[PDB]
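This report concerns only the one structure given below.
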Amino acid sequence: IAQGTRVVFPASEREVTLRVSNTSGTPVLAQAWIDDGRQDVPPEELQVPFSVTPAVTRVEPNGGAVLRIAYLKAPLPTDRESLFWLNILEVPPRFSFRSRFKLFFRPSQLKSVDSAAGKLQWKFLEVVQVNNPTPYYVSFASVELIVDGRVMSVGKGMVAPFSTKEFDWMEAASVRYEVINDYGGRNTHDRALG
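Here the sequence shown stands for residues 31 to 124, 134 to 165, 174 to 216, 223 to 247, numbered as in PDB author numbering.
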């Protein structure tokens with residue numbers, strides 16, 4: 031269901047499409063909606079500047095539907111990505136299953152996402176910290192401390208533009230981390246700890 035692991039929404043566009051596949055042998059209804067990180071309130075009341083058409087869709091057995099995401103020109107930061115969430119709920123019966140994808144609104148002048156993961160700087164607090180001095184979210188599939196080949200896994204996550212993230216778990226450590234690109238692929242980086 032969806033391929034698709036994230037949506038990049040470039041400021042120059044009025045809309046972007048997305049495929050959702052029904053891999054099973056029965057029709058399912060797919061409901062789609064966007065929120066701004068709050069999942070605990072009726073979506074309409076958040077007035078996020080995105081709509082998803084159609085909001086509810088039948089998806090054929092071994093088939094796929096196309097969802098359409100449209101931006102309503104609204105004041106969002108101009109110097110950094112904004113983060114929204116696409117939800118897809120399968121009401122497939124009938134119980135039902137719910138998916139949640141990152142949506143990155145990306146201002147036009149931001150052309151260097153591919154360089155971002157490599158400008159992160161790292162340091163110990165005990174407990175380690177990454178500083179993201181860039182305009183882009185950086186999503187980690189894995190972060191690891193390494194000492195003479197010994198791997199100590201500290202978790203995955205995401206660091207927001209112009210922010211710091213802390214990872215918790223000595224010594225001559227290096228950090229190795231993998232990040233998810235715009236297309237769901239992964240790239241890796243090693244760095245020393247400050």
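Backbone N, C-alpha and C define an ideal beta-carbon position, used for all residues, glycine too.
Query                                                                                                : Result
Burial state of residue 217 (16 or more Cβ within 10 Å)                                              : Missing from the coordinates: residue 217, inside the break in the chain from 216 to 223.
Cβ-based burial, residue 245 [other Cβ within 10 Å; buried from 16]                                  : exposed
From 208, 163, 103 and 209, residue whose alpha carbon lies closest to that of residue 225           : 163
DSSP state of residue 152 mapped onto helix, strand, coil                                            : helix
Residues near residue 38 in its chain [Cβ-Cβ closer than 7 Å; skip 5 each side]                      : 143, 145 and 235
Pair within 8 Å by beta-carbon distance, residue 99 and residue 46                                   : yes
Buried/exposed call for residue 86, threshold 16 Cβ in 10 Å                                          : exposed
Backbone secondary structure at residue 76 - three-state DSSP                                        : helix
Given 8 Å, three or more beta-carbon pairs between the segment 105 to 114 and the segment 178 to 185 : yes
Helix, strand or coil at residue 202 according to DSSP, with G and I counted as helix                : strand
Three-state class that DSSP yields for residue 158 in the structure shown                            : helix
Bridge partner(s) assigned by DSSP for residue 132                                                   : Residue 132 cannot be located in this model; the chain continues from 124 straight on to 134.
Proximity winner among 147, 59, 208 and 215, relative to residue 200 (alpha-carbon distances)        : 215
Own chain residues within Cβ distance below 6 Å of residue 92, not counting five before or after     : none
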